[PDB]
Amino acid sequence: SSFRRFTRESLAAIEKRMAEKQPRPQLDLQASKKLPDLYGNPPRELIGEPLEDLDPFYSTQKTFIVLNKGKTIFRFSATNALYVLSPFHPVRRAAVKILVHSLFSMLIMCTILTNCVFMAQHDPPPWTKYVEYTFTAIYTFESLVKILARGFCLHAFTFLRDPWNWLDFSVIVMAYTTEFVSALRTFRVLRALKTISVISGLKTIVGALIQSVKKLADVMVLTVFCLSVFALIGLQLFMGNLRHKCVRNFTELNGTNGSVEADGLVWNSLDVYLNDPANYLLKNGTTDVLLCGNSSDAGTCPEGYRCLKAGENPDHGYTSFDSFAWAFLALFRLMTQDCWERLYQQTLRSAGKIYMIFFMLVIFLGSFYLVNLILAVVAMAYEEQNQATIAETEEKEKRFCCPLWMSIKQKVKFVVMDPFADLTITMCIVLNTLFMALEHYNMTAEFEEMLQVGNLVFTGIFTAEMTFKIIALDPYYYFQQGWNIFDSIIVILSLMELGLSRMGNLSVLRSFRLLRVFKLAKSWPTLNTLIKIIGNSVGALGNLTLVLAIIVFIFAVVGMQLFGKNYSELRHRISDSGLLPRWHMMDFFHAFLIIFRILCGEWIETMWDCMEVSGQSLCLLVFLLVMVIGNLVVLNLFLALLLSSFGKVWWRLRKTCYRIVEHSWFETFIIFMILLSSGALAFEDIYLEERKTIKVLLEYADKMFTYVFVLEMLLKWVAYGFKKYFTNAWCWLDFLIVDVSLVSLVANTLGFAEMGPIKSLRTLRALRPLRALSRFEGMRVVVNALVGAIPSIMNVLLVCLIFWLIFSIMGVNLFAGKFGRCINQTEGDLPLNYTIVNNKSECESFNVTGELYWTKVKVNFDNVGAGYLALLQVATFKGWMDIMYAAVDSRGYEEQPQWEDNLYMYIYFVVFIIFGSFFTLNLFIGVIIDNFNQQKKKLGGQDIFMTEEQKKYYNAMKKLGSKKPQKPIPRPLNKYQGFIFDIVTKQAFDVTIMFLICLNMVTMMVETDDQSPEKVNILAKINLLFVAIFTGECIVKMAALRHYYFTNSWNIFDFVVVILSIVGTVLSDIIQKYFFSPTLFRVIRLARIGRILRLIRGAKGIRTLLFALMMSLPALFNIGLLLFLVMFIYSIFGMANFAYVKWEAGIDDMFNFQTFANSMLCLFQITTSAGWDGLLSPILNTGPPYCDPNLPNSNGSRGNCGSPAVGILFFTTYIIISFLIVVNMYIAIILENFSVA
Ligand SMILES: *[C@@H]1O[C@H](CO)[C@@H](O[C@@H]2O[C@H](CO)[C@@H](O[C@@H]3O[C@H](CO[C@H]4O[C@H](CO[C@H]5O[C@H](CO)[C@@H](O)[C@H](O)[C@@H]5O)[C@@H](O)[C@H](O)[C@@H]4O)[C@@H](O)[C@H](O)[C@@H]3O)[C@H](O)[C@H]2NC(C)=O)[C@H](O)[C@H]1NC(C)=O
Ligand SMILES: C[C@@H](OC(=O)c1ccccc1)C1=CC[C@@]23OCCN(C)C[C@@]12C[C@@H](O)[C@]12O[C@]4(O)CC[C@@]1(C)[C@H](CC=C32)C4
Ligand SMILES: C[C@@H](OC(=O)c1ccccc1)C1=CC[C@@]23OCCN(C)C[C@@]12C[C@@H](O)[C@]12O[C@]4(O)CC[C@@]1(C)[C@H](CC=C32)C4
Ligand SMILES: CC(C)CCC[C@@H](C)[C@H]1CC[C@H]2[C@@H]3CC=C4C[C@@H](OC(=O)CCC(=O)O)CC[C@]4(C)[C@H]3CC[C@]12C
Ligand SMILES: CC(C)CCC[C@@H](C)[C@H]1CC[C@H]2[C@@H]3CC=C4C[C@@H](OC(=O)CCC(=O)O)CC[C@]4(C)[C@H]3CC[C@]12C
Ligand SMILES: *[C@@H]1O[C@H](CO)[C@@H](O[C@@H]2O[C@H](CO)[C@@H](O)[C@H](O)[C@H]2NC(C)=O)[C@H](O)[C@H]1NC(C)=O
């Protein structure tokens, strides 16, 4: 009834309606949406035909509606298209019929996919010109349909009205313009964006992505403000420090126009001499110029070398603090924590070791807090649209031999359904995934046969279960749920591998039997959650994954044809020695890998190579665009998955010691000893034997510490009950520590020192700091929080252990003994060509001069135990470079590697990261969030990481943030004071002050290392004007008030910053006429960022976000008290174990474990899980030709080798322990951010 064929009388009626016409359309009637069944199913004769409009909102105007077989509402234009085409024209009727046809949409979709394939081919064949013409013809043909059906721009719903249709018009007009330097074809890849327009599902997701980034202006402004403020701090502190180089010593010849000579050569001038790169000193191992510093903490050049400022720069010239432009980039990289340890070591080496305080604040105030603030908002923004989407569903519902065969069929059915049969199958699955885990590199004939024989017996059992199941219930009913389907495909996949094994030279399908371990999800709940996370990404979140896949492909082909030509021609400017670059862009597969590497968080490493090849300006835009856009989609996908898927004497003495134990003076006495005993541990450096008076003093102190603590335990034992002491977990912790100390002391006095087990027990003195946990309530409440999560953490670790067991066994099968390289020690650690040494047999054949060592990668796939460490390094993105490089080079069993031979081994590492590092991490954070949410509810809706006293202060300080607008200040009746009051209280005065802050902020970015005296004087004069006017505006605003400086707390911040600026601006003039400050002048110069910090008053969004950090300050302090204690404990472990190790990649002469100061620097670097692979490598190696045992050492030890056993345990546990504590910090801000919203 409602639907009818369009008629001219109906058009005239709509005209009359518009006539007397000269407040919201219905959601259910919007375009590209399904029509409700209330109006009725359109007849087959009316589908694809013009029908009158249904919504009264558009009834006034000339609009009409069509529907397809799928009943999608389409609103076209009824006004004359192109001024000649009436809506009733037969050609227009044919055009609109083909526009709504679902077959037409599939035609465009298939064409785009074919075009996307043809755009990924570098150096296309010359016959593709017709294909480009055909794609141009098709795209113009479908574009002409829109013009022939809707108009061009004139009437409401038209072609160039929806923003997405501009893309099609731009593509066709640009394609024809090209048909009417060759790098301008990069615009043709925009045809891949048309996929989003074709699929209606993808369009809404893109709209959701824009909304997510729209709710980020306050955070993005704060992020830019924080980075710019920190850049000015870094600029004024390390201005030109990175240019320090160990220039060779020289002497100046007398006369001869000031010529300078080297040891044997002569240079014309000092400028020419020093700028030469052949007289510097390269760092050991790497090809890096060794930085230095005149400070007492920075590095030192060896004999014959001196520290001089002049030089080019580190990292080809792109890593410097000389200008604000470089300072911003060098600190945005710190914000992302992409290779930040390289800048961490370079700045400490050049400036000094004390400057790690600056890196601590940048990593916290700029990286840890700000990135988490970004992630907190995206989760908040998604929760807002998720609620609305669910709300739109709620309102929709409110409105609305045969008898023998049968006899044996039921008999086997009885056996199959029996629960013991299923349990044995699960037990068989567990054994099968464990028997085949007994795979290593150096096998034997018997072991390989036993493992091979075990394959058929396990495969044969599964076939019998499948054979019995297909006949038991029903052949058709057997398929049913996918659990039965999944078993069928896997069991027949193994049979294909076994049948192929007769000719199976390349057998890898046997590694797919591990997928049967997923059958354990029936009983395991956590395994089910992991499957649901993966299923949601391909299921309900299919569109979001498709958008990410589409975006990654586009950025892969954008860079392939933009930098592909330059990479091939200028490969020598980025080649290691003489070969191709490892990460180039001349091929699509390598182009995609760089995009994937950028998504993983490593961008600047490949940015330097591209900037040195193609162009600095262009490479900066593309690499940063994929960094912002790529992470925005990935973070949206990661957060979407997480939220969607989730006698009287005895009595008398007992009372006396009870009183003394409970006395407060006793409690602080023990705390004093706990801190002192922990402090003396760090004193045992490698120079202890040199200091004769400190080694005996520490030994006496150790005796006193173990005598006081024993007395304390005895007093508690006598006073408190035996059950009371042993029922307290904290008291048990102290009991073990003292027991270890007592055993070591009693063994030393017994004359049984320096033995095997006793000497290992002395190292366990590093657990002495653990006694401080039970005393400070700030740390005890944090420990109480992580103890409650131990059952939840253990469940996730088992699932990740099973998930990583599949990849480790599969990785062992793919690579086992293929990581061996026959290196030549005379040259260096460089694999040789196969034209000389082909395998291990040939390497030993030429082993006549004793210089060919068949070494192997320290972290490799030789067995499941060794494979677990490699997966950990790959998943953590630390040290994975040396794994993929040695894996995409494998050339068979015990064969010499070749450049990119077996190149597609990169796919194995990419898939693992998507599954074992992305989805696995998503499961862990989801469980931890769920667990700690339960603890908050269990505790009574109170913060978990906060003490009782801190709660009072935080609650009291929370009320301080209440906005209570006070009454206006009375006008002073001094005429002149009243006049200045009127011109000051006006808000326009604050705008002028705010404008002056930006000008002062701008004039500090002009600072550069190459500062001429004329530029210095002009800037000094400009600063003098700024400090004068600011004092003037402070002296007139205060003059009007004169009695209420206490109120408006921002009015005291500017008063002290002006006084500080007044002190600074007069000391600088004094300093020029007084003793020159070597480094104190930098501080007073740098103390001017207070003016920049005055912008908080005028920014509401910035102030609110900063208020959340102040809320989370007491919570973060408690968590950080524990992390530093753990870092302190591990540092003492490092000095006792990893001292006197060979200096190598991660262990320089300044970042070793010899001293507490040096070990503290290393552990802070590993706290962010950065560069832990580089530090682990010098411990893993043992024996020649890498290490050299039987080497004399000062502290009794011998040999500079490493300990692979404890070296792996030390770094693996600390990486995990730090991550849990860091995660505790990530959510503490989020909960505070959610509450403050
Ligand atoms: C090719 O041919 C060479 C020479 O025959 C082989 O090199 C030897 O390989 C064996 C193992 O197969 C090594 O034996 C090991 O020796 C350890 C004791 O240390 C020995 O060398 C120490 C000297 O230091 C060496 O390394 C440093 C660098 O760290 C160099 O600067 C030195 O020049 C030395 O090369 C000394 O203490 C002393 O010489 C020791 O003998 C021992 O702890 C191990 O258990 C093992 O027995 C041997 O050291 C290697 N070199 C020597 C001296 O012969 C090479 O393996 C062959 N490669 C193949 C596979 O073809
Ligand atoms: C964050 C994540 O990815 C990145 O690092 C990353 C960096 C830049 C851009 C994008 C991503 C991690 C890499 C691996 C990891 O490494 C430790 C340090 N990181 C910070 C934490 C992660 C995640 C952790 O849950 C953990 O992953 C596990 O699979 C499960 C539990 C885990 C503790 C186990 C051991 C190491 C893990 C194994
Ligand atoms: C730098 C940063 O590291 C990370 O946690 C981190 C996490 C993820 C990625 C990268 C890095 C820190 C986060 C919190 C911290 O504790 C953790 C350990 N680090 C080394 C030191 C920081 C910073 C410190 O200034 C400190 O922050 C405070 O808020 C103020 C002073 C502080 C000493 C107090 C106690 C602990 C702090 C509390
Ligand atoms: C994630 C979605 C929105 C896709 C984003 C794609 C853009 C990052 C690409 C698409 C087209 C590209 C442009 C295509 C062509 C050129 C011309 C090029 O200059 C030339 O004249 C060619 C090179 C030369 O000869 O020097 C500079 C880069 C630029 C603007 C490219 C910049 C990067 C663009 C905008
Ligand atoms: C009963 C359940 C709770 C046991 C859980 C054990 C797991 C925590 C796994 C994870 C990693 C495993 C380790 C991985 C590798 C090895 C090396 C393995 O020794 C070798 O085969 C040498 C390998 C080499 O160095 O080449 C001995 C077992 C061990 C310590 C494994 C012991 C069991 C571990 C700790
Ligand atoms: C290992 O590397 C060296 C080069 O560092 C190869 O060349 C030898 O180098 C030494 C020292 O310069 C010369 O004295 C020899 O005459 C060189 N031998 C030659 C010509 O090969 C050395 O050959 C390599 N080791 C091998 C392959 O035995």
# chains A, B, ... in the order shown; residues from 1 in each chain; ligands from 1
$ closest_atom_pairs --of "chain A" --to "ligand 3" --cutoff "10 Å" --atoms "only C-alpha atoms and all ligand atoms" --output "CSV"
residue,atom,partner,partner_atom_place_in_ligand_line,distance
A:334,CA,ligand 3,10 (C),9.8
A:335,CA,ligand 3,10 (C),9.2
A:336,CA,ligand 3,9 (C),9.5
A:337,CA,ligand 3,10 (C),7.6
A:357,CA,ligand 3,25 (O),8.5
A:358,CA,ligand 3,25 (O),9.6
A:359,CA,ligand 3,1 (C),7.7
A:360,CA,ligand 3,1 (C),4.7
A:361,CA,ligand 3,25 (O),5.4
A:362,CA,ligand 3,1 (C),7.2
A:363,CA,ligand 3,1 (C),4.6
A:364,CA,ligand 3,1 (C),3.9
A:365,CA,ligand 3,23 (C),7.5
A:366,CA,ligand 3,1 (C),9.0
A:367,CA,ligand 3,10 (C),6.5
A:368,CA,ligand 3,9 (C),4.7
A:369,CA,ligand 3,13 (C),7.7
A:371,CA,ligand 3,9 (C),9.0
A:372,CA,ligand 3,8 (C),8.8
A:1109,CA,ligand 3,29 (O),8.5
A:1110,CA,ligand 3,29 (O),9.2
A:1112,CA,ligand 3,29 (O),8.0
A:1113,CA,ligand 3,29 (O),5.6
A:1114,CA,ligand 3,38 (C),7.7
A:1115,CA,ligand 3,38 (C),8.2
A:1116,CA,ligand 3,38 (C),5.0
A:1117,CA,ligand 3,38 (C),4.0
A:1118,CA,ligand 3,35 (C),7.0
A:1119,CA,ligand 3,36 (C),6.7
A:1120,CA,ligand 3,36 (C),3.4
A:1121,CA,ligand 3,35 (C),5.6
A:1122,CA,ligand 3,35 (C),8.4
A:1123,CA,ligand 3,17 (C),5.9
A:1124,CA,ligand 3,18 (C),6.5
A:1127,CA,ligand 3,18 (C),8.7
A:1161,CA,ligand 3,20 (C),9.9
A:1163,CA,ligand 3,20 (C),8.7
A:1164,CA,ligand 3,20 (C),5.5
A:1165,CA,ligand 3,20 (C),8.1
A:1166,CA,ligand 3,20 (C),9.2
A:1167,CA,ligand 3,20 (C),6.2
A:1168,CA,ligand 3,10 (C),4.4
A:1169,CA,ligand 3,9 (C),8.0
A:1170,CA,ligand 3,10 (C),9.0
A:1218,CA,ligand 3,5 (O),8.3
A:1219,CA,ligand 3,8 (C),7.9
A:1221,CA,ligand 3,5 (O),7.8
A:1222,CA,ligand 3,7 (C),5.1
A:1223,CA,ligand 3,7 (C),7.8
A:1224,CA,ligand 3,5 (O),9.4
A:1225,CA,ligand 3,5 (O),7.0
A:1226,CA,ligand 3,7 (C),7.8
$ write_last_selection --atoms "C-alpha atoms" --output "compact mmCIF listing (two decimals), in the first residue's frame"
# COMPACT_ATOMS: atom_id res chain seq x y z
CA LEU A 334 61.99 8.90 23.55
CA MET A 335 58.22 9.28 23.89
CA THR A 336 57.68 6.24 21.66
CA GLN A 337 60.62 4.40 23.31
CA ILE A 357 67.87 11.77 36.01
CA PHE A 358 66.67 13.65 32.92
CA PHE A 359 65.96 10.36 31.14
CA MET A 360 64.00 9.07 34.14
CA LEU A 361 61.62 12.05 33.99
CA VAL A 362 61.25 11.97 30.20
CA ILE A 363 60.43 8.26 30.25
CA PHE A 364 57.89 8.85 33.05
CA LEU A 365 56.40 12.31 32.53
CA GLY A 366 56.62 12.07 28.75
CA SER A 367 56.53 8.40 27.76
CA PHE A 368 54.93 6.19 30.42
CA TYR A 369 52.28 8.64 31.65
CA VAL A 371 51.17 7.24 26.22
CA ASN A 372 48.97 5.67 28.89
CA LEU A 1109 48.29 12.89 37.47
CA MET A 1110 48.28 14.67 40.83
CA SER A 1112 47.60 9.34 40.90
CA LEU A 1113 50.83 10.64 42.46
CA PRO A 1114 50.34 8.89 45.85
CA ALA A 1115 49.29 5.69 44.09
CA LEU A 1116 52.30 5.71 41.75
CA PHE A 1117 54.70 6.43 44.63
CA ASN A 1118 53.70 3.23 46.45
CA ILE A 1119 54.17 1.11 43.32
CA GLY A 1120 57.48 2.80 42.55
CA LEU A 1121 58.73 2.13 46.07
CA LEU A 1122 58.47 -1.60 45.32
CA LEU A 1123 59.97 -1.41 41.82
CA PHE A 1124 63.10 0.39 43.04
CA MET A 1127 65.65 -3.15 41.04
CA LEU A 1161 72.04 2.42 35.02
CA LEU A 1163 68.68 -2.09 35.31
CA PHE A 1164 66.81 1.18 34.75
CA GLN A 1165 67.29 0.58 31.02
CA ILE A 1166 65.93 -2.97 31.36
CA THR A 1167 62.98 -1.69 33.43
CA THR A 1168 61.37 -0.49 30.19
CA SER A 1169 62.39 -3.87 28.67
CA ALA A 1170 64.73 -2.05 26.28
CA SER A 1218 59.06 -5.35 36.04
CA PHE A 1219 56.18 -5.77 33.58
CA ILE A 1221 54.73 -3.76 38.42
CA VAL A 1222 54.55 -1.50 35.36
CA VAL A 1223 51.08 -2.83 34.52
CA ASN A 1224 50.06 -1.98 38.09
CA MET A 1225 51.04 1.60 37.23
CA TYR A 1226 49.19 1.62 33.90
$ residues_around --residues "segment 1000-1005 of chain A" --least-positions-apart "6" --cutoff "9 Å" --atoms "only C-alpha atoms" --output "count of residues only"
12
$ residues_near_ligand --ligand "ligand 6" --cutoff "12 Å" --atoms "only C-alpha atoms and all ligand atoms" --output "ChimeraX atom specification"
/A:822-833,835-837,842-853
$ atom_distance --atom1 "atom CA of residue 921 of chain A" --atom2 "atom CA of residue 531 of chain A"
13.3 Å
$ residues_near_ligand --ligand "ligand 2" --cutoff "6 Å" --atoms "only C-alpha atoms and all ligand atoms" --output "MDAnalysis selection string"
chainID A and resid 600:601 875:876 916:917 920:921 924 1169 1215:1216 1219
$ atom_distance --atom1 "atom CA of residue 632 of chain A" --atom2 "atom CA of residue 216 of chain A"
11.3 Å
$ closest_residue --among "A:248, A:959, A:858, A:1176" --to "ligand 5" --atoms "only C-alpha atoms and all ligand atoms"
A:858
$ closest_residue --among "A:860, A:1048, A:947, A:269" --to "ligand 5" --atoms "only C-alpha atoms and all ligand atoms"
A:860
$ residues_near_ligand --ligand "ligand 4" --cutoff "6 Å" --atoms "only C-alpha atoms and all ligand atoms" --output "PDB file with C-alpha atoms, in the first residue's frame"
ATOM      1  CA  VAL A 181      59.053  12.478 -12.427  1.00  0.00           C
ATOM      2  CA  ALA A 183      56.664   9.000  -9.032  1.00  0.00           C
ATOM      3  CA  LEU A 184      53.381  10.917  -9.407  1.00  0.00           C
ATOM      4  CA  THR A 186      51.607   7.025  -6.303  1.00  0.00           C
ATOM      5  CA  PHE A 187      48.197   8.729  -6.341  1.00  0.00           C
ATOM      6  CA  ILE A 551      45.731   0.550   5.507  1.00  0.00           C
ATOM      7  CA  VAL A 622      55.386   9.071   5.082  1.00  0.00           C
TER       8      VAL A 622
END
$ atom_distance --atom1 "atom CA of residue 737 of chain A" --atom2 "atom CA of residue 755 of chain A"
20.4 Å
$ select_by_dssp --residues "segment 873-1020 of chain A" --states "alpha helix (DSSP H)" --output "PyMOL selection string"
chain A and resi 873-876+881-887+906-912+920-938+948-960+976-985+987-1005+1013-1020
$ residues_near_ligand --ligand "ligand 5" --cutoff "12 Å" --atoms "only C-alpha atoms and all ligand atoms" --output "number ranges by chain"
A: 437-442, 794-805, 808, 812, 816-817, 858-872, 1180-1181, 1203-1209, 1212-1213
$ closest_residue --among "A:403, A:978, A:820, A:23" --to "ligand 1" --atoms "only C-alpha atoms and all ligand atoms"
A:820
$ residues_around --residues "segment 706-708 of chain A" --least-positions-apart "2" --cutoff "8 Å" --atoms "only C-alpha atoms" --output "ChimeraX atom specification"
/A:702-704,710-712,738,741-742
$ write_last_selection --atoms "N, CA, C and O atoms" --output "PDB file, in the first residue's frame"
ATOM      1  N   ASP A 702      78.770  -6.823  58.994  1.00  0.00           N
ATOM      2  CA  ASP A 702      77.958  -8.002  58.706  1.00  0.00           C
ATOM      3  C   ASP A 702      77.719  -8.824  59.965  1.00  0.00           C
ATOM      4  O   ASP A 702      76.625  -9.365  60.165  1.00  0.00           O
ATOM      5  N   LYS A 703      78.736  -8.939  60.824  1.00  0.00           N
ATOM      6  CA  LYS A 703      78.565  -9.662  62.079  1.00  0.00           C
ATOM      7  C   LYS A 703      77.556  -8.968  62.985  1.00  0.00           C
ATOM      8  O   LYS A 703      76.737  -9.629  63.636  1.00  0.00           O
ATOM      9  N   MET A 704      77.604  -7.635  63.047  1.00  0.00           N
ATOM     10  CA  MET A 704      76.664  -6.902  63.890  1.00  0.00           C
ATOM     11  C   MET A 704      75.235  -7.027  63.374  1.00  0.00           C
ATOM     12  O   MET A 704      74.294  -7.152  64.165  1.00  0.00           O
ATOM     13  N   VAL A 710      69.146 -11.758  64.839  1.00  0.00           N
ATOM     14  CA  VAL A 710      68.926 -12.985  65.600  1.00  0.00           C
ATOM     15  C   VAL A 710      68.324 -12.665  66.962  1.00  0.00           C
ATOM     16  O   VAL A 710      67.401 -13.346  67.426  1.00  0.00           O
ATOM     17  N   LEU A 711      68.832 -11.622  67.621  1.00  0.00           N
ATOM     18  CA  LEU A 711      68.263 -11.209  68.900  1.00  0.00           C
ATOM     19  C   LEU A 711      66.813 -10.770  68.739  1.00  0.00           C
ATOM     20  O   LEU A 711      65.971 -11.055  69.598  1.00  0.00           O
ATOM     21  N   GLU A 712      66.505 -10.072  67.643  1.00  0.00           N
ATOM     22  CA  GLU A 712      65.128  -9.661  67.392  1.00  0.00           C
ATOM     23  C   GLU A 712      64.213 -10.866  67.210  1.00  0.00           C
ATOM     24  O   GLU A 712      63.093 -10.888  67.733  1.00  0.00           O
ATOM     25  N   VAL A 738      67.265 -14.682  57.744  1.00  0.00           N
ATOM     26  CA  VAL A 738      68.207 -14.827  58.849  1.00  0.00           C
ATOM     27  C   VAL A 738      68.815 -16.224  58.853  1.00  0.00           C
ATOM     28  O   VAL A 738      69.991 -16.402  59.194  1.00  0.00           O
ATOM     29  N   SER A 741      71.641 -16.229  56.480  1.00  0.00           N
ATOM     30  CA  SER A 741      72.753 -15.485  57.066  1.00  0.00           C
ATOM     31  C   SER A 741      73.433 -16.281  58.172  1.00  0.00           C
ATOM     32  O   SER A 741      74.665 -16.277  58.281  1.00  0.00           O
ATOM     33  N   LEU A 742      72.648 -16.962  59.009  1.00  0.00           N
ATOM     34  CA  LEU A 742      73.227 -17.739  60.101  1.00  0.00           C
ATOM     35  C   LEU A 742      74.043 -18.914  59.577  1.00  0.00           C
ATOM     36  O   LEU A 742      75.106 -19.230  60.123  1.00  0.00           O
TER      37      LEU A 742
END
$ select_by_dssp --residues "segment 49-197 of chain A" --states "strand (DSSP E)" --output "list in words"
residues 51, 52, 63, 64, 65, 66, 72, 73, 74, 75, 76 and 77 of chain A
$ write_last_selection --atoms "N, CA, C and O atoms" --output "mmCIF file, in the first residue's frame"
data_model
loop_
_atom_site.group_PDB
_atom_site.id
_atom_site.type_symbol
_atom_site.label_atom_id
_atom_site.label_comp_id
_atom_site.auth_asym_id
_atom_site.auth_seq_id
_atom_site.Cartn_x
_atom_site.Cartn_y
_atom_site.Cartn_z
ATOM 1 N N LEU A 51 9.914 4.587 -6.213
ATOM 2 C CA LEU A 51 8.777 4.594 -5.306
ATOM 3 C C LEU A 51 8.750 5.908 -4.538
ATOM 4 O O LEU A 51 9.787 6.546 -4.332
ATOM 5 N N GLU A 52 7.553 6.305 -4.115
ATOM 6 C CA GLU A 52 7.394 7.554 -3.385
ATOM 7 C C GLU A 52 8.079 7.473 -2.025
ATOM 8 O O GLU A 52 8.205 6.401 -1.429
ATOM 9 N N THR A 63 12.192 13.936 -3.272
ATOM 10 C CA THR A 63 13.020 12.761 -3.043
ATOM 11 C C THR A 63 12.193 11.509 -3.303
ATOM 12 O O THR A 63 10.965 11.519 -3.200
ATOM 13 N N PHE A 64 12.884 10.423 -3.643
ATOM 14 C CA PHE A 64 12.224 9.140 -3.840
ATOM 15 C C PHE A 64 13.154 8.013 -3.414
ATOM 16 O O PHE A 64 14.361 8.200 -3.223
ATOM 17 N N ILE A 65 12.559 6.830 -3.252
ATOM 18 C CA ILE A 65 13.174 5.708 -2.556
ATOM 19 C C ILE A 65 13.137 4.473 -3.442
ATOM 20 O O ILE A 65 12.163 4.243 -4.167
ATOM 21 N N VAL A 66 14.203 3.673 -3.376
ATOM 22 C CA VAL A 66 14.248 2.363 -4.011
ATOM 23 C C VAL A 66 14.819 1.349 -3.025
ATOM 24 O O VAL A 66 15.446 1.697 -2.021
ATOM 25 N N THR A 72 17.493 -2.778 1.178
ATOM 26 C CA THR A 72 18.295 -1.674 1.687
ATOM 27 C C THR A 72 17.709 -0.368 1.170
ATOM 28 O O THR A 72 17.544 -0.191 -0.042
ATOM 29 N N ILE A 73 17.395 0.540 2.091
ATOM 30 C CA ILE A 73 16.709 1.776 1.736
ATOM 31 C C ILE A 73 17.688 2.663 0.975
ATOM 32 O O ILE A 73 18.791 2.944 1.457
ATOM 33 N N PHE A 74 17.299 3.101 -0.223
ATOM 34 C CA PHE A 74 18.124 3.990 -1.031
ATOM 35 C C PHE A 74 17.322 5.241 -1.352
ATOM 36 O O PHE A 74 16.232 5.151 -1.926
ATOM 37 N N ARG A 75 17.868 6.400 -0.993
ATOM 38 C CA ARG A 75 17.219 7.693 -1.186
ATOM 39 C C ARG A 75 17.933 8.424 -2.315
ATOM 40 O O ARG A 75 19.064 8.890 -2.138
ATOM 41 N N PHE A 76 17.283 8.527 -3.471
ATOM 42 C CA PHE A 76 17.868 9.246 -4.591
ATOM 43 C C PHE A 76 17.241 10.632 -4.717
ATOM 44 O O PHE A 76 16.469 11.078 -3.864
ATOM 45 N N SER A 77 17.582 11.324 -5.800
ATOM 46 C CA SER A 77 17.152 12.691 -6.048
ATOM 47 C C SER A 77 16.079 12.700 -7.127
ATOM 48 O O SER A 77 16.219 12.024 -8.152
#
$ residues_around --residues "segment 377-380 of chain A" --least-positions-apart "2" --cutoff "10 Å" --atoms "only C-alpha atoms" --output "number ranges by chain"
A: 209, 212-213, 215-216, 219, 372-375, 382-386, 632, 635-636, 638-640, 642-643, 1230, 1233-1234, 1237
$ residues_around --residues "segment 982-990 of chain A" --least-positions-apart "3" --cutoff "10 Å" --atoms "only C-alpha atoms" --output "ChimeraX atom specification"
/A:968-969,971,977-979,993-996,1033,1036-1038,1040,1098
$ closest_residue --among "A:874, A:718, A:388, A:698" --to "residue 653 of chain A" --atoms "only C-alpha atoms"
A:718
$ decode --residues "segment 1227-1232 of chain A" --atoms "N, CA and C atoms" --output "compact mmCIF listing (two decimals), in the first residue's frame"
# COMPACT_ATOMS: atom_id res chain seq x y z
N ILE A 1227 47.21 0.88 35.13
CA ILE A 1227 45.81 0.94 35.51
C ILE A 1227 45.54 1.93 36.63
N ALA A 1228 46.54 2.24 37.46
CA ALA A 1228 46.33 3.19 38.55
C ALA A 1228 45.96 4.56 38.01
N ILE A 1229 46.62 4.98 36.93
CA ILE A 1229 46.27 6.25 36.30
C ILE A 1229 44.91 6.16 35.61
N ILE A 1230 44.63 5.02 34.98
CA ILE A 1230 43.38 4.87 34.24
C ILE A 1230 42.18 4.97 35.18
N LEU A 1231 42.25 4.29 36.33
CA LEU A 1231 41.17 4.37 37.30
C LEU A 1231 41.03 5.78 37.85
N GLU A 1232 42.15 6.47 38.06
CA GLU A 1232 42.09 7.87 38.46
C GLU A 1232 41.54 8.74 37.34
